[PDB]
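The structure under discussion appears below in the form of C-alpha cells.
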Protein chains: 4
Amino acid sequence: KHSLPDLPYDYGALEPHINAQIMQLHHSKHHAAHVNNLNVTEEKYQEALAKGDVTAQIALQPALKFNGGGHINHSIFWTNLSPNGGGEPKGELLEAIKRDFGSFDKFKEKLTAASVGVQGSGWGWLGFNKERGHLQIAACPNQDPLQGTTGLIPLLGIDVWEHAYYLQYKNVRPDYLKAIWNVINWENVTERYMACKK
Amino acid sequence: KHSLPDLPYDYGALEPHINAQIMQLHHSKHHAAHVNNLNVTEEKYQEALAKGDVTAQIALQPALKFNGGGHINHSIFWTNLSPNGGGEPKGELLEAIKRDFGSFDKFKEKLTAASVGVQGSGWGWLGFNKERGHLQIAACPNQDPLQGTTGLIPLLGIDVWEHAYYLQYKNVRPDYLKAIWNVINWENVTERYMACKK
Amino acid sequence: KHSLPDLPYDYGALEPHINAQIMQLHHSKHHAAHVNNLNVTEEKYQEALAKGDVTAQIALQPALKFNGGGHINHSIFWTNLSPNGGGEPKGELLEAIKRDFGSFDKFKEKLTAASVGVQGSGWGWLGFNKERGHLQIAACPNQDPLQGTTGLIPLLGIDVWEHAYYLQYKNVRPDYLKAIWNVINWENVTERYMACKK
Amino acid sequence: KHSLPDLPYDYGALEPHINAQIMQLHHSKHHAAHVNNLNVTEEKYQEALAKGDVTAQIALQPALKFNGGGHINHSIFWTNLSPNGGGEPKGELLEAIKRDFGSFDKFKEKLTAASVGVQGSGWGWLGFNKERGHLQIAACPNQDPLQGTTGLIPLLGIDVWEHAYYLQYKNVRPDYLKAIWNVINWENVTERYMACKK
Ligand SMILES: [Mn+2]
Ligand SMILES: [Mn+2]
Ligand SMILES: [Mn+2]
Ligand SMILES: [Mn+2]
C-alpha cells in the first residue's frame, strides 16, 4: 500500500521562491491523487494478472505509468528542495558537474533549457548514467518517470507542469526556473549521487 | 503571415464561468506566443525547404505542430465561447447529437469524460467525421490540432491545459468543465457543423 | 498460464495467397517468442507488484504490451484466416458493413488503405465500437493490441509487419493485401461480431 | 529535387554478410520509394506553406518525417558499408570508442543490444554528441532520423527493419547483426567523426 509522504518542511517553508498555496495544492491535491489512484490501479492489476487477462493489463498501463510515475516524481521532488537549500553543491558532486558540464553555471543553463524546452506537461532531470558512469540531463513528458523510462538514476528533478508554478509566475516559466535554484537541497542530491557510487 | 485574432468579446465577458485574468493571459500571452512562434517557424521552414535541407525540416516539426496547432486550437476556442452562450443547440446539430450520442446529456457526459481523461496537457473535441458522415469525440495531446492529426473537422473544443482553468478552479478540472457548458457558443458550433454539410 | 495455440489448419493450407514458410515462421517463431516472453514478463510483474516497486512495473510495460499484444494479435489472426475462406460475409455482419461503410467493396478499400497506410510495423483492424454500437476501422502500431489500447472489440485483423509478407511479396505490401482477402474466414469474423451484439 | 544516390559498390559486393537480393531490393525499391515520396511531400508542403494552410502542413508531417528520414537514413547506411571494411577502425575513432565504451568489444555489444532492442521497425546508431563532445549510442523508431529528432550526429547506422535482413536471416535478427560487423566502412565512419571535431 502506497502512502502520500510527509513533506520535510512546512507548506510555506520555500517562500518566497515557491509560495505556500502552490506547495499545499501540489502536495495535498496533486500528489495525493496520484497515490490514491495508484493504489486502485495496482489492486486492479493484481486481479488482471491473476486471471491472465492480458487486455486488462495493457489497458491499465496508462493509469499505472501516470499515477505511479507521479508518485515517484513528486516523492523525489519534495526531497530535492529545502528551506535551507540554495547555493552550489560541493565535493564529488560539484566535481562531477564541472567534469560533465564544464561548470556549475553551464550545468544550470543546460538543466534550465531542458526544463524550459518541455512543450506541454513534464519534468527536467539531472540524472546519472550507470553504464557511461557520468551525469546526464534529460526531459520527461507528463509523469513518465526518469528511471522507469530511461534507466537513468534521478538526482534532481524540476517539475514544469503548469500547476507547479502558474499561480505565482503565471505563463513565465523561466522566472520559476530562476527562482527554484534558491531552494535546491544539494545535500539530498549529493546523497542520491553517492548512492550511485555503489 | 498569421495574426492574433481579437476575441469576440471582452476579457471579462465570460464571468463567472471563466474569469477575466484567465481570458487575458490565455489570449495575450499563450495564444500570442503561438502566433509569433508559428510565423518564425514557417519562415525557417521556407529556407530549409529552399535548400532541400531535410534534417532541418524534421527538426522544425515539433515547433510547427505545437505553435501551429496552438494557433488553430485557440482560434477555434474563442469562437466556441460567448457571453450569450450556454443552453442547448437546435436543429440538425441537436438531432445529430441525439443520433450519435443518444441525447444531449449523454453527449455532455462523453465530452466531459474525454476532457477530464486527458493526462497532462491537451484538448477535448467534438468533431465531424466526413468519411462516416457523423459526429465523433476525441482528445488530443498538447497542441496537436484535431483536423491535422486525426482528419476530424473541429466543431467544439475544450482546452484542458492547466493554464485554461488553474487560477480559478485550481486542481478541480471537473468544476471547470461543469462551468464551461454555461458559455458554449452553440450558434458557432452549429455553423461549423453545417459547413461540413455544405 | 499462456501457451502457443495451434493453427486451425496446416502451414501450407493458405497457399498460394500466403506461402508455407511464412506461416511456419510466423507461428512457430514469431508468435512463439511472444508467448515465451509474455510468461516471463508476467512473472516479473507479479514480483514487482508484490514488492510495490513502481519503477520496475513501469520498466516492464514495453515488454508486456509488445509481447502480450503480440500474443493477443496473432491468436486472433490465425482464426481470421482459413483455406476455405474468401468471398463475402452475409446476414447481419454484411448488413452492418453496408450501413457503416456503404458497401462491402468500400469496406475493403478502407481496411486496405488503413493497412497499407501503416508506416513501420503494425496492424490494420476492423473492430466494433460498443459505445457507438457500430463497426470501426483502426490501425495499431507494432504489437499494440486493439482492445487494450483503443477499447474497440477486434473482429478482423491484418498483420502488416514485413514478416507477414516479405518472403513472398517482398516490398509490395499492396499485393499481399489484395491476396489476403481470398483467405479471410468470414465465419470466424461473423462469430466475433455476433458476440458483440449480446 | 532529391535523387536516389548510386551505391558505392555493386549489389553483391557485401556477400555473404548481406546478400545481393536484399541489397538490390533495399536500394532500388525501399530507398527509391522514400525519395519519390519525399519529393512529392516536399512539394505539397511548399504549396501549403505558401497559402498559410497550417492544418495541411501538420497533416503532411508523418509522410515528411518518414520519407525524409528514410532518405537520410539509407543514404548514410550505404556509405557506412564496404566490401573492404570490417575489423576494427584505425586512428582516433578507435581511441574514442575505447574512451567512451571501455573497449571495442564493449562498444559492439552495446550497439548490438541497442539494435536488437528495437521492438518493431527502426535503427541503431553510434552518434556524436556535440554538446558533451563524446560518442553516444541511440536507437530510433521507424525512419525517424538521428540528427533531426535527437540532435546527435550520425556516425554509424544499423538498419533493423525486417526488410534489411529477413530474406536472408529470417527472424534471427541477432545473426544479421553479427554478420554486419564484417562490412563496416570505418573510413566513412571516421570521415563523419572527424567532421564533428570542429
Ligand atoms: Mn507536479
Ligand atoms: Mn490554452
Ligand atoms: Mn506478425
Ligand atoms: Mn531500410
Side-chain angles (χ1 to χ4, degrees), chain A residues 18 22-23 25-34 66-67 69-78 80 120-124 140 142-143 157-166 171 176, chain B residues 18 22-23 25-34 66-67 69-78 118 120-124 140 142-143 157-166 171 176, chain C residues 18 22-23 25-34 66-67 69-78 81 121-124 140 142-143 157-166 176, chain D residues 120 162 166 171:
Chain A
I18 304 177
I22 293 176
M23 296 303 293
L25 288 170
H26 208 172
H27 174 65
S28 82
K29 297 304 192 307
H30 296 282
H31 195 345
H34 289 313
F66 184 66
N67 292 124
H71 177 44
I72 299 304
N73 304 329
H74 293 84
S75 289
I76 283 51
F77 191 52
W78 309 138
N80 282 175
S121 299
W123 294 72
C140 295
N142 305 313
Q143 294 301 338
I158 296 70
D159 184 0
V160 295
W161 270 64
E162 295 182 311
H163 67 241
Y165 61 90
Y166 216 83
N171 59 291
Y176 160 59
Chain B
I18 295 74
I22 295 305
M23 295 309 289
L25 287 173
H26 209 179
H27 174 79
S28 76
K29 299 296 163 54
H30 298 285
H31 195 345
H34 286 308
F66 184 72
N67 296 103
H71 180 44
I72 282 64
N73 307 329
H74 291 87
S75 287
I76 296 172
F77 193 50
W78 311 136
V118 176
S121 308
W123 291 74
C140 303
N142 304 318
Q143 292 309 335
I158 302 180
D159 195 351
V160 289
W161 271 63
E162 292 177 319
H163 68 239
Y165 61 92
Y166 218 84
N171 62 296
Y176 157 66
Chain C
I18 306 78
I22 289 179
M23 295 307 302
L25 292 173
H26 204 177
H27 176 68
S28 68
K29 301 293 180 295
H30 292 282
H31 191 349
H34 284 310
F66 185 68
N67 295 114
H71 178 43
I72 299 294
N73 305 333
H74 293 85
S75 291
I76 282 56
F77 191 54
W78 307 140
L81 311 175
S121 300
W123 291 73
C140 297
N142 308 310
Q143 296 302 339
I158 307 301
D159 191 357
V160 287
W161 273 65
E162 297 179 313
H163 66 237
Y165 64 86
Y166 215 81
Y176 158 63
Chain D
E162 291 178 319
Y166 216 86
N171 62 294

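The sequence lines fix the lettering, A, B, ..., with proteins before strands; numbering per chain opens at 1. Order of listing sets the numbers, starting from 1, for every ligand and every atom in it. Only heavy atoms go into these numbers, but all of them, side chains included; no hydrogens, no water, no symmetry mates.
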* Pair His163(C) + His30(C): ring centers closer than 6.0 Å -> yes
* Using a 4.5 Å cut-off on heavy atoms from C-beta on, say whether the side chain of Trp78(B) contacts that of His27(B). => yes
* Structure fact -> Looking only at heavy atoms, the pair that brings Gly157(A) and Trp123(A) closest together is C-CE3, 4.3 Å
* For the Mn ion (ligand 3), report each protein N, O or S atom nearer than 2.8 Å, sorted by chain and then by residue number. => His26(C) NE2, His74(C) NE2, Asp159(C) OD2, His163(C) NE2
* To do: Starting at NE2 of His74(C), measure out to CD of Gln143(C) and round the result to the nearest 0.5 Å.
  => 5.0 Å
* To do: Apply ring-ring contact (aromatic ring centres under 6.0 Å, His included) to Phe66(C) and list each qualifying residue two or more places apart in sequence or on a separate chain.
  => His34(C), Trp161(C)
* Name the orientation class of the two ring planes belonging to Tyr176(A) and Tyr165(A) (parallel below 30°, tilted from 30 to 60°, perpendicular beyond 60°). => parallel
